[PDB]
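Worksheet for the structure shown next.
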Amino acid sequence: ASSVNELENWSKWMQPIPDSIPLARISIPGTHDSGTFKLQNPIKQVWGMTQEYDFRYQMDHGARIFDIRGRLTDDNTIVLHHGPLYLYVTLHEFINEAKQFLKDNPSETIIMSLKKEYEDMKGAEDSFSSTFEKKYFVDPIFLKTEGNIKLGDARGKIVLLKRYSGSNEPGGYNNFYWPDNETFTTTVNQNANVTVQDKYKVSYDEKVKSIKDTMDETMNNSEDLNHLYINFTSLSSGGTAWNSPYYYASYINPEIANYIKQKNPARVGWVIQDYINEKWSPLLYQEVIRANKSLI
Ligand SMILES: N[C@H]1[C@@H](O[C@H]2[C@H](O)[C@H](O)[C@H](O)[C@@H](O)[C@@H]2O)O[C@H](CO)[C@@H](O)[C@@H]1O
């Protein structure tokens with residue numbers, strides 16, 4: 001319908017947005033290293049954990065972009081990893097949560113970014129991209145439409161954001177040059193541009209400025225429908241309680257949340273964050289979702 005109050009239902013917040021709006025133009029909360037929630041070993045948690053809750057908790061809190069990092073096993077299935085570590089979560093496991101969620105909330109869409117996080121186990125029969133495409137993508141939940149995907153065509157389906165090469169099947173967002181630890185801008189699909197801020201290995205200070213500056217560039221280019229803006233608030237670092245992603249996010253999330261709160265912008269972009277929870281105020285994911293009041 002037509003009320004900003006509808007953006008307040010985290011489970012169906014995309015319901016009020018017009019079908020004609022390109023997904024790119026929508027401000028969307030996302031989660032970084034989404035599948036790390038099962039990590040229980042203290043040392044592993046410090047070095048790799050970025051989320052405390054599962055996929056379903058994540059989507060019921062408004063997150064629509066999932067950063068999935070896989071690895072081809074001998075058994076010829078794709079499981080989730082954080083570098084060399086297996087996360088006790090599988091790709092099927094993710095797809096099924098997304099399927100259930102999209103069934104209960106058919107107004108929504110889920111964007112799934114897929115990246116090959118580690119090298120294929122030695123005995124696999126096919127390549128990573130090939131297994132993914134013949135064994136999973138082929139599933140009807142995957143949108144096979146490319147171009148500047150519109151919200152209308154996406155609802156009820158999972159939209160792929162390829163972060164792997166060798167893709168032979170058309171659909172979703174195509175792979176694009178993604179340089180290490182920087183903020184950049186290039187082109188995707190056919191004519192659309194993309195600017196990404198992914199300075200994952202920098203100082204806190206440099207990070208907050210990188211986020212704000214990319215966010216500024218976004219709110220100032222609010223009507224450029226064919227421009228993707230992906231902005232990672234996540235930052236990784238050393239191995240101690242005052243250096244871990246949890247420590248940083250406990251600062252970065254409320255800081256960016258308020259930053260959006262006060263600027264009252266029309267466009268915020270795709271904001272991928274660590275630790276989507278309900279501890280810090282204001283809520284980053286909620287402020288990002290509210291920057292959509294202008295589309296209603
Ligand atoms: N960790 C490997 C990975 O880096 C990741 C970051 O860790 C972080 O999660 C970021 O948000 C991702 O976008 C980024 O891709 O990919 C690089 C490819 O150049 C490798 O060299 C690195 O060692």
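Numbering starts fresh at 1 for the residues of each chain in the structure tokens, the chains themselves are lettered A, B, ... in the order given, and ligands are numbered from 1 as they appear.
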Chain A near ligand 1 within 12 Å: what's each residue's closest atom pair and its distance in Å to one decimal, counting only C-alpha atoms and all ligand atoms, ordered by chain then ascending residue number, as CSV?
residue,atom,partner,partner_atom_place_in_ligand_line,distance
A:30,CA,ligand 1,11 (O),11.8
A:31,CA,ligand 1,11 (O),10.2
A:32,CA,ligand 1,11 (O),6.8
A:33,CA,ligand 1,9 (O),6.6
A:34,CA,ligand 1,9 (O),10.4
A:35,CA,ligand 1,9 (O),11.9
A:36,CA,ligand 1,9 (O),11.6
A:47,CA,ligand 1,7 (O),11.0
A:48,CA,ligand 1,9 (O),9.6
A:49,CA,ligand 1,9 (O),11.1
A:50,CA,ligand 1,9 (O),9.9
A:66,CA,ligand 1,11 (O),11.7
A:67,CA,ligand 1,11 (O),8.6
A:68,CA,ligand 1,9 (O),10.1
A:69,CA,ligand 1,9 (O),9.0
A:70,CA,ligand 1,3 (C),12.0
A:81,CA,ligand 1,1 (N),10.8
A:82,CA,ligand 1,1 (N),8.1
A:83,CA,ligand 1,1 (N),6.3
A:84,CA,ligand 1,1 (N),9.8
A:85,CA,ligand 1,1 (N),11.6
A:113,CA,ligand 1,13 (O),10.3
A:114,CA,ligand 1,13 (O),10.7
A:115,CA,ligand 1,15 (O),8.1
A:116,CA,ligand 1,16 (O),9.1
A:117,CA,ligand 1,3 (C),7.2
A:118,CA,ligand 1,2 (C),8.9
A:119,CA,ligand 1,20 (C),11.8
A:163,CA,ligand 1,15 (O),8.8
A:164,CA,ligand 1,15 (O),10.8
A:177,CA,ligand 1,19 (O),10.4
A:178,CA,ligand 1,15 (O),7.8
A:179,CA,ligand 1,19 (O),6.5
A:180,CA,ligand 1,19 (O),4.9
A:181,CA,ligand 1,14 (C),7.2
A:182,CA,ligand 1,13 (O),9.4
A:183,CA,ligand 1,13 (O),10.7
A:196,CA,ligand 1,13 (O),9.4
A:197,CA,ligand 1,11 (O),9.1
A:198,CA,ligand 1,11 (O),5.7
A:199,CA,ligand 1,10 (C),7.5
A:200,CA,ligand 1,8 (C),5.5
A:201,CA,ligand 1,6 (C),7.7
A:202,CA,ligand 1,8 (C),11.3
A:230,CA,ligand 1,13 (O),10.6
A:231,CA,ligand 1,11 (O),9.7
A:232,CA,ligand 1,11 (O),6.8
A:233,CA,ligand 1,11 (O),9.0
A:234,CA,ligand 1,11 (O),6.9
A:235,CA,ligand 1,11 (O),7.7
A:236,CA,ligand 1,7 (O),7.4
A:237,CA,ligand 1,7 (O),9.9
A:245,CA,ligand 1,9 (O),11.0
A:271,CA,ligand 1,11 (O),11.8
A:272,CA,ligand 1,11 (O),8.8
A:273,CA,ligand 1,11 (O),9.6
A:274,CA,ligand 1,11 (O),9.9
Report task. For residue A:125, list every protein, DNA or RNA residue within 9 Å, evaluated using only C-alpha atoms, and leave out those in the same chain fewer than 2 positions away; present the list as a list in words. Result -> residues 74, 75, 76, 122, 123, 127 and 131 of chain A
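Between atom CA of residue A:159 and atom CA of residue A:173 the interatomic distance comes to 7.7 Å.
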Requested in this report: Please provide as a PyMOL selection string all residues within 8 Å of stretch 277-281 of chain A, with the sequence filter that same-chain residues fewer than 5 positions apart are discarded (counting only C-alpha atoms).
Outcome: chain A and resi 52-53+250+253-254+257
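Of the residues under consideration (A:247, A:65, A:102, A:107), A:107 shows the shortest atom-to-atom contact distance to residue A:16 when counting only C-alpha atoms.
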**Report entry** Within 8 Å of residue A:88 using only C-alpha atoms, minus same-chain residues under 4 positions, as a ChimeraX atom specification
**Finding:** /A:38,79-80
Query - For residue A:106: contacts at 9 Å, only C-alpha atoms, fewer than 4 positions along chain excluded, given as an MDAnalysis selection string - result: chainID A and resid 12 15 101:102 155:157
Using only N, CA and C atoms, please write the residues we just selected to a file, as a short mmCIF file (atom, residue, chain, number, x, y, z; two decimals), in the first residue's frame.
data_model
loop_
_atom_site.label_atom_id
_atom_site.label_comp_id
_atom_site.auth_asym_id
_atom_site.auth_seq_id
_atom_site.Cartn_x
_atom_site.Cartn_y
_atom_site.Cartn_z
N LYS A 12 8.35 -7.76 5.48
CA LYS A 12 7.78 -7.45 4.18
C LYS A 12 8.02 -6.00 3.74
N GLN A 15 7.33 -4.66 0.31
CA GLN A 15 5.94 -4.69 -0.13
C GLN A 15 5.48 -3.32 -0.71
N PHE A 101 11.52 -18.42 3.55
CA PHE A 101 11.26 -16.99 3.74
C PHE A 101 10.49 -16.37 2.58
N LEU A 102 10.83 -16.71 1.35
CA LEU A 102 10.16 -16.14 0.19
C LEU A 102 8.75 -16.68 -0.01
N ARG A 155 10.65 -10.34 -7.00
CA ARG A 155 9.89 -10.81 -5.85
C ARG A 155 9.58 -12.28 -5.96
N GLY A 156 9.79 -12.98 -4.86
CA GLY A 156 9.51 -14.39 -4.87
C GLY A 156 10.72 -15.14 -5.38
N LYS A 157 11.72 -14.45 -5.88
CA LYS A 157 12.86 -15.17 -6.36
C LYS A 157 14.12 -14.70 -5.69
#
Among stretch 11-230 of chain A, which ones does DSSP place in alpha helix (DSSP H), written as a PDB file with N, CA and C atoms, in the first residue's frame?
ATOM      1  N   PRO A  42      35.824 -19.949  20.662  1.00  0.00           N
ATOM      2  CA  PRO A  42      36.290 -18.602  21.028  1.00  0.00           C
ATOM      3  C   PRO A  42      37.329 -18.026  20.082  1.00  0.00           C
ATOM      4  N   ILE A  43      38.371 -18.800  19.809  1.00  0.00           N
ATOM      5  CA  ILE A  43      39.407 -18.333  18.924  1.00  0.00           C
ATOM      6  C   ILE A  43      38.904 -18.179  17.510  1.00  0.00           C
ATOM      7  N   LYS A  44      38.099 -19.129  17.058  1.00  0.00           N
ATOM      8  CA  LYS A  44      37.556 -19.019  15.715  1.00  0.00           C
ATOM      9  C   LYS A  44      36.640 -17.800  15.646  1.00  0.00           C
ATOM     10  N   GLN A  45      35.786 -17.634  16.657  1.00  0.00           N
ATOM     11  CA  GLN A  45      34.843 -16.513  16.714  1.00  0.00           C
ATOM     12  C   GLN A  45      35.529 -15.148  16.563  1.00  0.00           C
ATOM     13  N   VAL A  46      36.648 -14.979  17.269  1.00  0.00           N
ATOM     14  CA  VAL A  46      37.423 -13.740  17.245  1.00  0.00           C
ATOM     15  C   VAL A  46      37.913 -13.440  15.848  1.00  0.00           C
ATOM     16  N   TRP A  47      38.558 -14.426  15.233  1.00  0.00           N
ATOM     17  CA  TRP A  47      39.098 -14.266  13.897  1.00  0.00           C
ATOM     18  C   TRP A  47      38.114 -14.316  12.727  1.00  0.00           C
ATOM     19  N   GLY A  48      36.959 -14.946  12.904  1.00  0.00           N
ATOM     20  CA  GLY A  48      36.063 -15.050  11.773  1.00  0.00           C
ATOM     21  C   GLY A  48      34.581 -14.804  11.883  1.00  0.00           C
ATOM     22  N   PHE A  55      20.269 -17.249   9.150  1.00  0.00           N
ATOM     23  CA  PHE A  55      19.721 -16.671   7.935  1.00  0.00           C
ATOM     24  C   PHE A  55      18.302 -16.171   8.093  1.00  0.00           C
ATOM     25  N   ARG A  56      17.478 -16.948   8.762  1.00  0.00           N
ATOM     26  CA  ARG A  56      16.106 -16.549   8.894  1.00  0.00           C
ATOM     27  C   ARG A  56      15.965 -15.362   9.819  1.00  0.00           C
ATOM     28  N   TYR A  57      16.754 -15.311  10.890  1.00  0.00           N
ATOM     29  CA  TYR A  57      16.727 -14.174  11.819  1.00  0.00           C
ATOM     30  C   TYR A  57      17.195 -12.969  11.020  1.00  0.00           C
ATOM     31  N   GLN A  58      18.213 -13.176  10.195  1.00  0.00           N
ATOM     32  CA  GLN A  58      18.723 -12.101   9.395  1.00  0.00           C
ATOM     33  C   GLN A  58      17.699 -11.508   8.440  1.00  0.00           C
ATOM     34  N   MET A  59      16.910 -12.332   7.753  1.00  0.00           N
ATOM     35  CA  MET A  59      15.906 -11.804   6.820  1.00  0.00           C
ATOM     36  C   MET A  59      14.659 -11.219   7.495  1.00  0.00           C
ATOM     37  N   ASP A  60      14.374 -11.654   8.714  1.00  0.00           N
ATOM     38  CA  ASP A  60      13.209 -11.154   9.437  1.00  0.00           C
ATOM     39  C   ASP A  60      13.555  -9.793  10.047  1.00  0.00           C
ATOM     40  N   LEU A  91      25.343 -24.668   1.178  1.00  0.00           N
ATOM     41  CA  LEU A  91      24.662 -23.786   0.239  1.00  0.00           C
ATOM     42  C   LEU A  91      23.149 -24.124   0.226  1.00  0.00           C
ATOM     43  N   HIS A  92      22.834 -25.420   0.158  1.00  0.00           N
ATOM     44  CA  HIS A  92      21.445 -25.899   0.195  1.00  0.00           C
ATOM     45  C   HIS A  92      20.799 -25.339   1.445  1.00  0.00           C
ATOM     46  N   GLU A  93      21.539 -25.398   2.536  1.00  0.00           N
ATOM     47  CA  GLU A  93      21.009 -24.899   3.779  1.00  0.00           C
ATOM     48  C   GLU A  93      20.577 -23.447   3.637  1.00  0.00           C
ATOM     49  N   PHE A  94      21.350 -22.638   2.912  1.00  0.00           N
ATOM     50  CA  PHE A  94      20.990 -21.236   2.722  1.00  0.00           C
ATOM     51  C   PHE A  94      19.779 -21.095   1.809  1.00  0.00           C
ATOM     52  N   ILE A  95      19.810 -21.794   0.687  1.00  0.00           N
ATOM     53  CA  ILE A  95      18.748 -21.712  -0.297  1.00  0.00           C
ATOM     54  C   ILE A  95      17.385 -22.077   0.258  1.00  0.00           C
ATOM     55  N   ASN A  96      17.376 -23.062   1.156  1.00  0.00           N
ATOM     56  CA  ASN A  96      16.149 -23.537   1.789  1.00  0.00           C
ATOM     57  C   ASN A  96      15.574 -22.561   2.771  1.00  0.00           C
ATOM     58  N   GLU A  97      16.449 -21.848   3.477  1.00  0.00           N
ATOM     59  CA  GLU A  97      15.966 -20.831   4.397  1.00  0.00           C
ATOM     60  C   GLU A  97      15.368 -19.744   3.514  1.00  0.00           C
ATOM     61  N   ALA A  98      16.059 -19.347   2.446  1.00  0.00           N
ATOM     62  CA  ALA A  98      15.546 -18.312   1.537  1.00  0.00           C
ATOM     63  C   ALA A  98      14.232 -18.724   0.884  1.00  0.00           C
ATOM     64  N   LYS A  99      14.103 -20.014   0.551  1.00  0.00           N
ATOM     65  CA  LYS A  99      12.882 -20.523  -0.049  1.00  0.00           C
ATOM     66  C   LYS A  99      11.733 -20.417   0.942  1.00  0.00           C
ATOM     67  N   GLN A 100      11.950 -20.838   2.179  1.00  0.00           N
ATOM     68  CA  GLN A 100      10.895 -20.738   3.169  1.00  0.00           C
ATOM     69  C   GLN A 100      10.521 -19.274   3.358  1.00  0.00           C
ATOM     70  N   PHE A 101      11.522 -18.418   3.547  1.00  0.00           N
ATOM     71  CA  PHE A 101      11.260 -16.988   3.741  1.00  0.00           C
ATOM     72  C   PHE A 101      10.485 -16.367   2.580  1.00  0.00           C
ATOM     73  N   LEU A 102      10.834 -16.713   1.345  1.00  0.00           N
ATOM     74  CA  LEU A 102      10.160 -16.141   0.192  1.00  0.00           C
ATOM     75  C   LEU A 102       8.753 -16.677  -0.011  1.00  0.00           C
ATOM     76  N   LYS A 103       8.490 -17.808   0.625  1.00  0.00           N
ATOM     77  CA  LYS A 103       7.184 -18.442   0.567  1.00  0.00           C
ATOM     78  C   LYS A 103       6.232 -17.702   1.529  1.00  0.00           C
ATOM     79  N   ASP A 104       6.704 -17.478   2.751  1.00  0.00           N
ATOM     80  CA  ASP A 104       5.953 -16.745   3.769  1.00  0.00           C
ATOM     81  C   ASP A 104       5.816 -15.251   3.439  1.00  0.00           C
ATOM     82  N   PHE A 128      33.963 -25.299  -9.788  1.00  0.00           N
ATOM     83  CA  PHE A 128      33.066 -24.634  -8.839  1.00  0.00           C
ATOM     84  C   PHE A 128      31.870 -23.978  -9.524  1.00  0.00           C
ATOM     85  N   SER A 129      32.129 -23.222 -10.576  1.00  0.00           N
ATOM     86  CA  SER A 129      31.061 -22.540 -11.238  1.00  0.00           C
ATOM     87  C   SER A 129      30.177 -23.556 -11.908  1.00  0.00           C
ATOM     88  N   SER A 130      30.786 -24.593 -12.475  1.00  0.00           N
ATOM     89  CA  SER A 130      29.998 -25.584 -13.185  1.00  0.00           C
ATOM     90  C   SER A 130      29.070 -26.377 -12.260  1.00  0.00           C
ATOM     91  N   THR A 131      29.591 -26.813 -11.127  1.00  0.00           N
ATOM     92  CA  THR A 131      28.762 -27.530 -10.177  1.00  0.00           C
ATOM     93  C   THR A 131      27.619 -26.629  -9.724  1.00  0.00           C
ATOM     94  N   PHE A 132      27.946 -25.386  -9.390  1.00  0.00           N
ATOM     95  CA  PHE A 132      26.923 -24.473  -8.923  1.00  0.00           C
ATOM     96  C   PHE A 132      25.801 -24.322  -9.931  1.00  0.00           C
ATOM     97  N   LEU A 151      12.360  -4.583  -9.388  1.00  0.00           N
ATOM     98  CA  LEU A 151      11.806  -5.241  -8.221  1.00  0.00           C
ATOM     99  C   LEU A 151      10.641  -6.180  -8.608  1.00  0.00           C
ATOM    100  N   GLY A 152       9.827  -5.776  -9.573  1.00  0.00           N
ATOM    101  CA  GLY A 152       8.684  -6.591  -9.963  1.00  0.00           C
ATOM    102  C   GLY A 152       8.987  -8.015 -10.406  1.00  0.00           C
ATOM    103  N   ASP A 153      10.114  -8.168 -11.113  1.00  0.00           N
ATOM    104  CA  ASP A 153      10.595  -9.441 -11.634  1.00  0.00           C
ATOM    105  C   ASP A 153      11.338 -10.268 -10.643  1.00  0.00           C
ATOM    106  N   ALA A 154      11.724  -9.638  -9.546  1.00  0.00           N
ATOM    107  CA  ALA A 154      12.537 -10.280  -8.515  1.00  0.00           C
ATOM    108  C   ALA A 154      11.798 -10.906  -7.357  1.00  0.00           C
ATOM    109  N   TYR A 204      40.321   1.936  11.489  1.00  0.00           N
ATOM    110  CA  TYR A 204      38.978   2.333  11.824  1.00  0.00           C
ATOM    111  C   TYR A 204      38.694   3.683  11.225  1.00  0.00           C
ATOM    112  N   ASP A 205      39.617   4.616  11.436  1.00  0.00           N
ATOM    113  CA  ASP A 205      39.474   5.975  10.933  1.00  0.00           C
ATOM    114  C   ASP A 205      39.287   6.061   9.449  1.00  0.00           C
ATOM    115  N   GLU A 206      40.110   5.341   8.708  1.00  0.00           N
ATOM    116  CA  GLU A 206      39.999   5.344   7.260  1.00  0.00           C
ATOM    117  C   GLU A 206      38.705   4.711   6.829  1.00  0.00           C
ATOM    118  N   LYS A 207      38.261   3.749   7.616  1.00  0.00           N
ATOM    119  CA  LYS A 207      37.072   3.025   7.294  1.00  0.00           C
ATOM    120  C   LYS A 207      35.834   3.894   7.374  1.00  0.00           C
ATOM    121  N   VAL A 208      35.639   4.553   8.513  1.00  0.00           N
ATOM    122  CA  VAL A 208      34.444   5.391   8.689  1.00  0.00           C
ATOM    123  C   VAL A 208      34.334   6.504   7.629  1.00  0.00           C
ATOM    124  N   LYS A 209      35.475   6.982   7.154  1.00  0.00           N
ATOM    125  CA  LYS A 209      35.483   8.036   6.164  1.00  0.00           C
ATOM    126  C   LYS A 209      35.125   7.430   4.816  1.00  0.00           C
ATOM    127  N   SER A 210      35.680   6.260   4.544  1.00  0.00           N
ATOM    128  CA  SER A 210      35.370   5.537   3.290  1.00  0.00           C
ATOM    129  C   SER A 210      33.871   5.260   3.182  1.00  0.00           C
ATOM    130  N   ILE A 211      33.263   4.860   4.292  1.00  0.00           N
ATOM    131  CA  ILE A 211      31.828   4.594   4.336  1.00  0.00           C
ATOM    132  C   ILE A 211      31.033   5.878   4.102  1.00  0.00           C
ATOM    133  N   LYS A 212      31.323   6.908   4.904  1.00  0.00           N
ATOM    134  CA  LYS A 212      30.611   8.181   4.785  1.00  0.00           C
ATOM    135  C   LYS A 212      30.739   8.808   3.405  1.00  0.00           C
ATOM    136  N   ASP A 213      31.958   8.818   2.858  1.00  0.00           N
ATOM    137  CA  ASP A 213      32.186   9.386   1.529  1.00  0.00           C
ATOM    138  C   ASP A 213      31.456   8.650   0.414  1.00  0.00           C
ATOM    139  N   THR A 214      31.375   7.319   0.532  1.00  0.00           N
ATOM    140  CA  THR A 214      30.672   6.544  -0.490  1.00  0.00           C
ATOM    141  C   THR A 214      29.185   6.760  -0.275  1.00  0.00           C
ATOM    142  N   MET A 215      28.785   6.872   0.979  1.00  0.00           N
ATOM    143  CA  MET A 215      27.397   7.116   1.266  1.00  0.00           C
ATOM    144  C   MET A 215      27.010   8.517   0.755  1.00  0.00           C
ATOM    145  N   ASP A 216      27.916   9.482   0.911  1.00  0.00           N
ATOM    146  CA  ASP A 216      27.634  10.833   0.412  1.00  0.00           C
ATOM    147  C   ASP A 216      27.501  10.791  -1.095  1.00  0.00           C
ATOM    148  N   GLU A 217      28.412  10.120  -1.754  1.00  0.00           N
ATOM    149  CA  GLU A 217      28.305  10.064  -3.184  1.00  0.00           C
ATOM    150  C   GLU A 217      26.970   9.472  -3.634  1.00  0.00           C
ATOM    151  N   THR A 218      26.444   8.549  -2.838  1.00  0.00           N
ATOM    152  CA  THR A 218      25.183   7.876  -3.125  1.00  0.00           C
ATOM    153  C   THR A 218      23.947   8.778  -2.931  1.00  0.00           C
ATOM    154  N   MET A 219      23.883   9.495  -1.810  1.00  0.00           N
ATOM    155  CA  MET A 219      22.731  10.346  -1.567  1.00  0.00           C
ATOM    156  C   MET A 219      22.705  11.528  -2.495  1.00  0.00           C
TER     157      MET A 219
END
Query raised in the report: atom CA of residue A:87 and atom CA of residue A:39, how far apart in Å?
Result: 6.8 Å
**Report entry** DSSP-assigned strand (DSSP E or B) among stretch 14-218 of chain A, expressed as JSON, numbers by chain
**Finding:** {"A": [22, 28, 29, 30, 31, 65, 66, 67, 68, 69, 70, 71, 72, 78, 79, 80, 81, 82, 85, 86, 87, 88, 89, 90, 110, 111, 112, 113, 114, 115, 116, 142, 150, 158, 159, 160, 161, 162, 163, 173, 182, 183, 184, 185, 186, 187, 193, 194, 195, 196, 197, 198]}
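Nearest to residue A:22 of all the residues A:258, A:186, A:244, A:148 is A:148, counting only C-alpha atoms.
For residue A:11, the residues within 6 Å (counting only C-alpha atoms, excluding itself and residues fewer than 2 positions away along the chain) are residues 9, 13, 60 and 62 of chain A.
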All residues 7 Å or closer to stretch 285-292 of chain A, only C-alpha atoms, same chain fewer than 4 positions away omitted, as a short mmCIF file (atom, residue, chain, number, x, y, z; two decimals) with N, CA and C atoms, in the first residue's frame:
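Okay, this is what ended up in selection.cif:
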data_model
loop_
_atom_site.label_atom_id
_atom_site.label_comp_id
_atom_site.auth_asym_id
_atom_site.auth_seq_id
_atom_site.Cartn_x
_atom_site.Cartn_y
_atom_site.Cartn_z
N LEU A 7 7.17 0.23 5.70
CA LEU A 7 8.59 -0.03 5.62
C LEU A 7 8.99 -0.52 7.00
N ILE A 26 17.01 0.86 -4.98
CA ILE A 26 16.52 0.62 -3.63
C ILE A 26 17.67 0.60 -2.58
N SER A 27 17.42 1.05 -1.35
CA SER A 27 18.44 1.01 -0.29
C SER A 27 18.14 -0.29 0.43
N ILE A 28 19.13 -1.17 0.47
CA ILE A 28 18.94 -2.51 1.01
C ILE A 28 19.90 -3.01 2.07
N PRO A 29 19.38 -3.40 3.24
CA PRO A 29 20.37 -3.89 4.19
C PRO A 29 20.89 -5.31 3.75
N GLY A 62 15.03 -7.59 8.17
CA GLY A 62 15.12 -6.78 6.99
C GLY A 62 16.25 -7.00 6.02
N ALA A 257 24.48 4.42 11.49
CA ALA A 257 23.04 4.44 11.66
C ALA A 257 22.62 5.88 11.92
N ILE A 260 23.06 8.25 9.00
CA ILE A 260 21.97 8.21 8.03
C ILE A 260 20.75 8.97 8.62
N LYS A 261 20.48 8.67 9.88
CA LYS A 261 19.37 9.24 10.63
C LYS A 261 19.24 10.75 10.45
N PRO A 265 18.52 11.24 4.04
CA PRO A 265 18.65 11.08 2.60
C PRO A 265 17.59 10.28 1.92
N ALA A 266 17.62 10.39 0.61
CA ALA A 266 16.70 9.72 -0.29
C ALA A 266 17.23 8.37 -0.81
N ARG A 267 18.55 8.19 -0.80
CA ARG A 267 19.21 6.97 -1.26
C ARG A 267 20.44 6.73 -0.37
N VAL A 268 20.62 5.48 0.05
CA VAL A 268 21.72 5.07 0.92
C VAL A 268 22.58 3.96 0.29
#
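Here atom CA of residue A:294 stands at a distance of 13.5 Å from atom CA of residue A:225.
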